[PDB]
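# Notes for the structure review
Listed below, chain by chain, are the residues.
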2 protein chains.
Amino acid sequence: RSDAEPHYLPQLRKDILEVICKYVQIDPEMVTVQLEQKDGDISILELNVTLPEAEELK
Amino acid sequence: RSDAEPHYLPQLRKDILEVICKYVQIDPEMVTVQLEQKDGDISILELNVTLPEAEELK
């Protein structure tokens, strides 16, 4: 797990998953996660959030 | 603001920003946000997180 070096980066992404859950309801397999980097000692953690339909919830 | 219809989607992304702050420290202009959709009544909220260098923090 290359994201284990910090131990917080993956803690925040999983948090946004529970966060979107507190306000909505989606699975972890629906949210993608991908880290990138720039030529200047910089990183870029991007995460896709595929939300499904919704209507039964009011 | 097309993301104002739900009022929670943008609340979770801003939360992950503060979350990465509680465990680290970055600006909102460093994290990108982009929503997408599929041909099946589905959405895809992707957000880039450009993290800067780090060392002064122990």
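Residues numbered from 1 in each chain as written, not as in the entry; some residues may be left out. Chains lettered and ligands numbered in written order. Heavy atoms only, no water.

Listed under the method field of the entry is solution NMR.

Going by what the PDB entry lists, chain A is known as MINE and is assigned to Escherichia coli. For this entry, the PDB title field holds "SOLUTION STRUCTURE OF THE MINE TOPOLOGICAL SPECIFICITY DOMAIN". UniProt lists a comment for chain A under the heading Function, and it reads "Prevents the cell division inhibition by proteins MinC and MinD at internal division sites while permitting inhibition at polar sites. This ensures cell division at the proper site by restricting the formation of a division septum at the midpoint of the long axis of the cell." One UniProt comment on chain A, placed under Sequence similarities, says "Belongs to the MinE family." (UniProt positions renumbered as here; feature names shortened; annotations may be inferred.)

In terms of burial, strand 2 (residues 42-51) of chain A is a largely internal element, 8 of the 10 residues being buried. Sheet topology places strand 1 (residues 31-38) of chain A next to strand 2 of chain A; 8 bridges connect them, and they run antiparallel. Of the residues in strand 2 of chain A, the one forming a bridge with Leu-35 of chain A is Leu-45 of chain A. Hairpin connection from strand 1 of chain A to strand 2 of chain A: 3 residues lie between these consecutive antiparallel strands, with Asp-41 of chain A at a positive phi of about 60°. Looking at chain direction, strand 2 of chain A and strand 2 (residues 42-51) of chain B are connected through 5 bridges and run antiparallel. (Buried < 20%, exposed > 50% of the residue type's maximum accessible area, 1.4 Å probe, protein only. Helix = DSSP H or I, 4+ residues; strand = E, 2+ residues; numbered from the N terminus. Pairing = 2+ DSSP bridges.)

Okay, the sheet that holds strand 1 of chain A next. With antiparallel pairing, 4 strands are arranged side by side in an open sheet as 1(A)-2(A)-2(B)-1(B). The sheet is open, and its two edges are formed by strand 1 of chain A together with strand 1 (31-38) of chain B, each paired on a single side. Across the sheet, the axes of successive neighbouring strands diverge by a mean angle of 15°, strand direction being ignored. Sheet strands touched by helix 1 (residues 9-23) of chain B: strand 2 of chain A together with strand 1 and strand 2 of chain B. Its angle to strand 2 of chain B, the strand with the most contacts, is close to 25°. (Axes fitted to C-alpha atoms, helices over the stretch in contact; angles between N-to-C directions. Contact = heavy atoms within 4.5 Å.)

As a further point, take the environment of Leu-51 of chain B. Assignment of secondary structure puts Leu-51 of chain B in strand 2. Linking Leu-51 of chain B and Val-24 of chain B, residues 27 residues apart in sequence, is a C-alpha distance of 9.3 Å. Dropping the residues within four chain positions of it, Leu-51 of chain B is found in contact with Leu-9, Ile-42, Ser-43 and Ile-44 of chain A together with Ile-20, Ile-26 and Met-30 of chain B.

So, on to the packing of helix 1 (residues 9-23) of chain A against helix 1 of chain B. When two helices pack together, you describe them by how their axes are tilted relative to each other and by the distance separating the axes. Contact geometry for helix 1 of chain A and helix 1 of chain B: axes closest at 9 Å, N-to-C directions at 145°. As for the relative orientation of helix 1 of chain A and helix 1 of chain B, their crossing is right-handed in sense. Across the interface between the two elements, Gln-11, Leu-12, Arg-13, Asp-15, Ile-16, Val-19, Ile-20 and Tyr-23 of chain A of helix 1 of chain A pack against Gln-11, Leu-12, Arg-13, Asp-15, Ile-16, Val-19, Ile-20 and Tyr-23 of chain B of helix 1 of chain B. When grouped by side-chain class, the residues that make up the contact of helix 1 of chain A with helix 1 of chain B number 10 nonpolar, 2 polar and 4 charged. (Left-handed = near helix turned anticlockwise from the far one by under 90°. Nonpolar A, V, L, I, M, F, W, Y, C, P; charged D, E, K, R; others polar.)

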